[PDB]
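Taken together, the values in this text are just the output of simple stated rules run on the coordinates, not laboratory data. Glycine also receives a Cβ, built like all others from the backbone with ideal geometry; neighbour counts cover every protein chain displayed.
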Amino acid sequence: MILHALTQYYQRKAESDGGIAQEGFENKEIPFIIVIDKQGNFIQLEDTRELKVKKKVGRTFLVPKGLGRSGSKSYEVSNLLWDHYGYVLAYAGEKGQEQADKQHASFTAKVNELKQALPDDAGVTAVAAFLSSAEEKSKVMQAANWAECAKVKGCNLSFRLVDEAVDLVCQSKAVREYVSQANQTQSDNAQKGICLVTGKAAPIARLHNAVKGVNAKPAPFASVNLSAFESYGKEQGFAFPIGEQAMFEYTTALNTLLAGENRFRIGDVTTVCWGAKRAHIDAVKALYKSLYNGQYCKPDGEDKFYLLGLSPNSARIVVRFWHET
RNA sequence: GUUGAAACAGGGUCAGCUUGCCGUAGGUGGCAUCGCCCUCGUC
């Protein structure tokens with residue numbers, strides 16, 4: 001019940017309305033947010049950081065799910081609206097040219113195909129014309145707080161249109177349906193069942209998503225690579241017959257659990273905990289309020305469900321806690 | 001005779017380079033074994 005209980009918990013937290021991913025999204029921490037108008041025109045380089053003692057990468061936002069880059073020719077991935085700082089302005093402080101310009105080309109091709117596949121929106125058109133103007137992207141570097149996003153690497157950039165100032169370009173009721181259909185019709189034409197945690201059909205989720213929060217890099221939880229990690233010659237990903245509608249759910253659940261109030265590490269291991277809500281545990285997650293008060297009592301309402309104490313390493317996630325009691 | 005196969009915790013490194021328990025000092029200023037008794041009480 002590694003991902004079975006996690007899937008059941010996600011099916012409980014998703015239908016509770018409390019800031020969680022769905023279909024094909026994920027709560028990503030975007031540092032600097034770019035605000036424009038209706039037709040390109042870079043007009044604001046806003047930043048929403050300043051949280052803890054260290055300047056985190058901005059607030060959390062429900063962006064489309066990351067397709068999982070990390071590779072040589074990594075520009076062939078080309079995410080939807082959110083990516084790296086070399087996919088928007090083709091800038092590279094330590095990445096270099098050529099390799100970063102092709103990333104911008106792939107990103108503008110992606111936004112162009114999204115525009116031609118979903119027109120009349122006053123949102124995707126702005127980001128599509130912003131990358132094909134060749135006069136505002138250079139102005140982005142000459143903003144007001146641009147000298148701060150260059151000293152820190154891994155700066156994610158998002159787009160926010162005008163007449164909203166609260167919803168990103170990937171938040172209006174238009175591209176959300178496209179992203180939901182991508183993980184419903186496009187991401188369902190592959191290998192058949194049977195699933196691993198749901199027992200139903202579901203396509204075999206090849207190339208599992210990456211979990212951000214455990215390690216410095218988005219470390220994938222369960223992912224088979226190399227060669228000896230195969231059972232019967234499944235060759236990368238097919239070793240675990242896990243469906244998309246469950247792998248995505250567990251990855252998004254680990255992402256939401258590695259960035260909220262339940263995220264706390266005792267020492268080189270993040271021992272995140274949760275409950276069944278039928279959460280309100282106030283026992284394991286209550287290990288960092290203010291000055292450690294006395295909240296332990298006996299109200300005959302001790303919820304069940306175990307806790308997953310996972311630890312990072314290089315880019316994998318190691319499981320060490322397993323106890324239903 | 002068609003069934004978990006492959007796994008190293010290691011490659012390896014002086015806990016010391018070192019340090020006076022020491023300058024510090026009267027067991028003493030001071031007190032009768034005595035105030036007392038036949039080895040014959042017998043021969």
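Just to be sure, is A:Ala202 of a type in the set (A, V, I, L, M), crowded, with 20+ Cβ neighbours inside 10 Å, away from RNA strand B (no atom under 16 Å from the Cβ) and assigned to a helix (DSSP H, G or I)? Criteria not met by A:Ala202.
The residue of segment A:18-47 that is farthest from A:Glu244 (Cα to Cα), among those that are part of a loop (DSSP other than H, G, I, E, B) and over 18 Å from the mean Cα position of the chain (by Cα), is A:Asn41.
Reported count of residues in segment A:158-199, each being aliphatic (A, V, I, L, M) and in a helix (DSSP H, G or I), is 3.
Among the residues of segment A:298-319, some residue qualifies, meaning at least one is charged (D, E, K, R) and within 27 Å of the chain's Cα centre (by Cα). Would you mind stating whether A:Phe238 is touching a strand residue (DSSP E or B) at 6+ places or on another chain (Cβ under 7 Å), farther than 26 Å from A:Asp83 by Cβ and within 16 Å of RNA strand B (Cβ to nearest atom)? Criteria met by A:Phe238. Taken together, the residues in segment A:48-93 that are of a type in the set (D, E, K, R), surrounded by fewer than 16 Cβ atoms within 10 Å (Cβ to Cβ) and assigned to a loop (DSSP other than H, G, I, E, B) amount to 6. Against the condition more than 16 Å from RNA strand B (Cβ to nearest atom) and either over 23 Å from A:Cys195 (Cα atoms) or hydroxyl-bearing (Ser, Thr, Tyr) (or both), how does A:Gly243 come out, does it pass? Criteria not met by A:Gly243. For beta carbons closer than 7 Å, sequence separation of 6+ or different chains, a first residue in segment A:215-231 that is under 19 Å from A:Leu3 (Cβ atoms) and a second that is within 10 Å of RNA strand B (Cβ to nearest atom) and part of a loop (DSSP other than H, G, I, E, B), the qualifying pairs are A:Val224/A:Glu230; A:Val224/A:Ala239; A:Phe229/A:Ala239; A:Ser231/A:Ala239. Need pairs with beta-carbon distance below 8 Å; first residue in a loop (DSSP other than H, G, I, E, B) and within segment A:270-290, second of a type in the set (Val, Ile, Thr) and surrounded by 15 or more Cβ atoms within 10 Å (Cβ to Cβ); sequence gap 6+ or separate chains. The qualifying pairs are A:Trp274/A:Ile281; A:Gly275/A:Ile281; A:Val284/A:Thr271. Selection within segment A:278-325: residues that are of a type in the set (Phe, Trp, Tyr) and at positive phi. The member of this set that is surrounded by the fewest Cβ atoms within 10 Å (Cβ to Cβ) is A:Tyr292.
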